[PDB]
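Take a look at the structure below.
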Ligand SMILES: *C/C=C(C)/C=C/C=C(C)/C=C/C1=C(C)CCCC1(C)C
Ligand SMILES: *C/C=C(C)/C=C/C=C(C)/C=C/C1=C(C)CCCC1(C)C
């Protein structure tokens with residue numbers, strides 16, 4: 049049922065595998081089960097829900119918050135890819151060391167993670183701003199994925215080496231992200247904007263923290279999850295980190311724009333680093 | 049000589065391949081030659097030259119031009135990886151569709167390409183600046199690599215689909231890079247700073263243009279190059295785009311710092333978008 053050799057014969061008391069000389073690659077490890085059909089159905093359900101969310105968001109989404123459009127476009131594009139080839143090469147990489155590495159997921163990360171951190175870097179959406187710290191957020195994060203991908207393709211020790219490399223990059227990514235949220239909390243007005251900024255932080259760290267968690271629980275780690283079981287949990291934290299988080303960031307930037315129009319753009323320097337807090341009256 | 053099955057037997061008039069049931073994966077396509085030993089030696093030579101350059105640059109390199123340090127660190131780190139596992143999994147991905155995808159290269163791109171575009175975004179190295187356009191440079195470029203990687207792992211039509219996807223992203227990356235160089239040329243002083251800025255542009259577009267060129271010439275494309283023969287040319291444009299280009303960017307930012315100290319930071323608005337040209341006298 050795949051584009052590689054799946055039918056074979058055992059010979060010489062199980063010490064020889066004979067396969068057809070059809071030109072297809074063959075490995076016994078690739079034929080291990082991805083999981084239970086109860087988990088496959090659970091994954092195929094959330095695939096539509098996330099796809100429906102992405103479509104509802106692209107509908108709903110139609117300053118210019120281009121960041122939300124990009125991850126949503128990439129998301130529902132990926133689900134079109136996923137519906138038709140959720141386990142075909144190269145959506146799933148069946149490598150020479152028997153590793154099934156879900157490159158579809160890690161590619162979607164590389165496409166959307168820096169765009170979320172860009173949205174985080176300009177949480178208020180105000181003007182051509184950002185900072186030098188933004189580059190630290192984007193350079194470190196791409197690192198974690200590249201190491202995390204490399205770890206998933208690798209096996210044994212070097213998987214740990216590259217996972218620990220990606221973990222160290224991930225620690226740098228989380229801290230600089232806290233420095234962004236901390237300032238963003240004290241920059242946005244005292245109203246509901248600070249409620250949604252704090253909530254965006256929780257959605258951020260929780261969902262983002264689960265990615266190295268699911269890497270340890272999944273086949274990439276000690277395999278306490280199935281390949282289907284890893285697709286389920288990943289979809290949940292994908293939904294949290296991408297579609298719901300971009301929604302609040304949209305709801306935040308709306309509350310900012312209204313406040314900026316009604317009360318104007320008013321700044322009151324507050325000490326922490334000096335932040336220009338948005339206020340109501342001059 | 050690899051971590052996958054390399055010894056096998058033909059049976060039934062060449063219609064059956066029998067392999068040992070040792071648990072190793074097996075594919076006939078993975079056993080195709082990478083190239084000629086004359087080309088392997090040529091690749092192993094430039095590997096040291098690039099490694100020696102990276103070491104000489106890390107020596108030499110020791117505002118804070120952190121960007122040059124990063125690609126140089128990643129480069130000589132990669133050569134340590136390359137010297138020991140230039141064709142082991144997952145430095146080279148032997149996938150179920152017989153594709154050998156050199157993930158070491160594409161990972162090094164993901165690690166260093168956005169850092170070069172960051173250096174390009176702050177060519178003068180002056181202050182916490184950058185722009186919104188920078189995000190277009192970084193989002194588009196990561197796209198080209200992700201599609202280009204996906205194309206290299208893929209086969210046939212979808213390789214073209216993802217290559218054309220990466221090509222469209224690459225066109226966006228090159229244009230916004232020209233807009234950066236064009237402004238950088240008119241921002242830096244009239245002296246030798248404009249010579250080195252123009253030269254950085256030529257090193258940029260030539261070496262960067264060769265990457266989709268070598269993708270078409272290599273096994274990823276019509277295979278007019280060998281796998282070793284692709285390692286040779288890639289090293290050359292790696293050397294150009296990374297070590298030599300970062301050197302000029304260092305020589306540029308030095309000429310800027312001296313000019314800023316001697317003549318001060320003087321701006322004269324010139325029309326193109334309005335650029336604050338660095339001048340000598342007020
Ligand atoms: C939409 C998906 C997002 C925003 C995913 C973010 C994922 C990470 C930050 C993953 C990090 C990992 C580490 C820091 C350790 C190495 C393995 C991990 C990659 C999965
Ligand atoms: C140090 C290496 C660098 C800076 C490499 C840059 C490589 C590219 C911009 C490659 C681009 C490609 C396309 C635009 C078409 C798809 C395939 C390519 C990836 C290799």
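Protein chains in written order, with PDB author numbering: chain A, 49 to 110, 117 to 326, 333 to 342; chain A', 49 to 110, 117 to 326, 333 to 342. A prime marks a further copy of an entry chain.
Don't be surprised by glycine CBs; every beta carbon is placed ideally from N, CA and C.
query                                                                                                                                                                                       : result
Kindly indicate which three-state DSSP category residue 52 of chain A falls into: helix, strand or coil?                                                                                    : coil
Given that residue 226 of chain A' touches chain A, what residues does it touch there, using C-beta distances under 9 Å?                                                                    : Going along chain A, no residue has its Cβ under 9 Å from residue 226 of chain A', so there is no contact; the nearest lies around 13 Å.
Scan the segment 194-270 of chain A' and note each continuous alpha helix (DSSP H) run of 4 residues or more that stays entirely inside, going in chain order.                              : 211-241
What number of angstroms, rounded off, separates the C-alpha of residue 142 of chain A' from the C-alpha of residue 317 of chain A'?                                                        : 55 Å
At the 8 Å Cβ level, is residue 204 of chain A part of the contact set with chain A', yes or no?                                                                                            : yes
Taking the CB atoms as reference points, tell me whether residue 224 of chain A' and residue 165 of chain A lie closer together than 8 Å.                                                   : no
Suppose the cutoff is 7 Å on Cβ atoms and the five residues either side in sequence are ignored; what does the same chain contact list for residue 335 of chain A look like?                : 237, 240, 241
Can you tell me whether residue 166 of chain A' is helix, strand or coil according to DSSP?                                                                                                 : helix
Report the three-state DSSP secondary structure of residue 133 of chain A' (helix, strand or coil).                                                                                         : helix
Along the chain, where does the alpha helix (DSSP H) containing residue 320 of chain A' start, and where does it finish?                                                                    : Taken as a continuous stretch (DSSP letters only), residue 320 of chain A' belongs to no alpha helix (DSSP H), as it is neither H nor E.
Alpha carbon to alpha carbon, how far is residue 337 of chain A from residue 321 of chain A?                                                                                                : 5 Å
Could you check if residue 167 of chain A is buried or exposed, using at least 16 other CB atoms within 10 Å of its CB as the buried criterion?                                             : buried
Go ahead and label residue 267 of chain A' buried or exposed: buried means 16 or more other beta carbons lie within 10 angstroms of its beta carbon, across all protein chains shown.       : exposed
Does the CB of residue 80 of chain A' have a neighbour CB from chain A at under 8 Å?                                                                                                        : no
Going by the beta-carbon positions, is the gap between residue 163 of chain A' and residue 123 of chain A' smaller than 8 Å?                                                                : no
Within 8 Å of any Cβ in chain A', is that where the Cβ of residue 316 of chain A sits?                                                                                                      : no
Please confirm whether any heavy atom of ligand 1 lies closer than 7 Å to the CB of residue 224 of chain A.                                                                                 : yes
From the DSSP output, which residues share a beta bridge with residue 74 of chain A'?                                                                                                       : A/74, A'/53
Could I get the ranges of all uninterrupted alpha helix (DSSP H) runs contained in the segment 275-302 of chain A', with 4 residues as the minimum, in chain order?                         : 281-292
So does residue 132 of chain A' have its beta carbon nearer than 7 Å to some heavy atom of ligand 2?                                                                                        : no
For residue 143 of chain A', would you say it is in contact with chain A, using Cβ-to-Cβ distances shorter than 8 Å as the test?                                                            : yes
Should residue 319 of chain A be counted as a contact of ligand 2 given a C-beta to heavy atom distance under 7 Å?                                                                          : no
What's the gap between the Cα of residue 188 of chain A and the Cα of residue 54 of chain A?                                                                                                : 47 Å
Does ligand 4 have a heavy atom nearer than 7 Å to the CB of residue 170 of chain A'?                                                                                                       : Here the bound small molecules are ligand 1 and ligand 2; ligand 4 is not part of this structure.
May I ask which residues mark the beginning and end of the beta strand (DSSP E) holding residue 1 of chain A?                                                                               : Within the shown structure, residues of chain A are numbered from 49 to 342, placing residue 1 of chain A beyond reach of any answer.
Find the residues of chain A' that neighbour residue 66 of chain A, judging by a C-beta separation of less than 9 Å, and give them in chain order.                                          : 57, 59, 60, 64, 65, 66, 67
Within the same chain, show all residues whose beta-carbon is closer than 7 Å to that of residue 135 of chain A', passing over the 5 residues directly before and after it, in chain order. : 145, 158
Answer yes or no: do residue 304 of chain A and residue 119 of chain A have a C-beta to C-beta separation smaller than 8 Å?                                                                 : yes
Helix, strand or coil: which one does DSSP assign to residue 178 of chain A?                                                                                                                : coil
Taking 7 Å as the limit between beta carbons, can you name the residues of its chain near residue 128 of chain A', skipping five residues before and five after?                            : 162, 165, 166
Please list, in chain order, the chain A' residues whose beta carbon lies closer than 8 Å to that of residue 165 of chain A.                                                                : 196, 197, 200
Which residues of chain A have a Cβ atom closer than 7 Å to the Cβ of residue 184 of chain A', listed in chain order?                                                                       : 184
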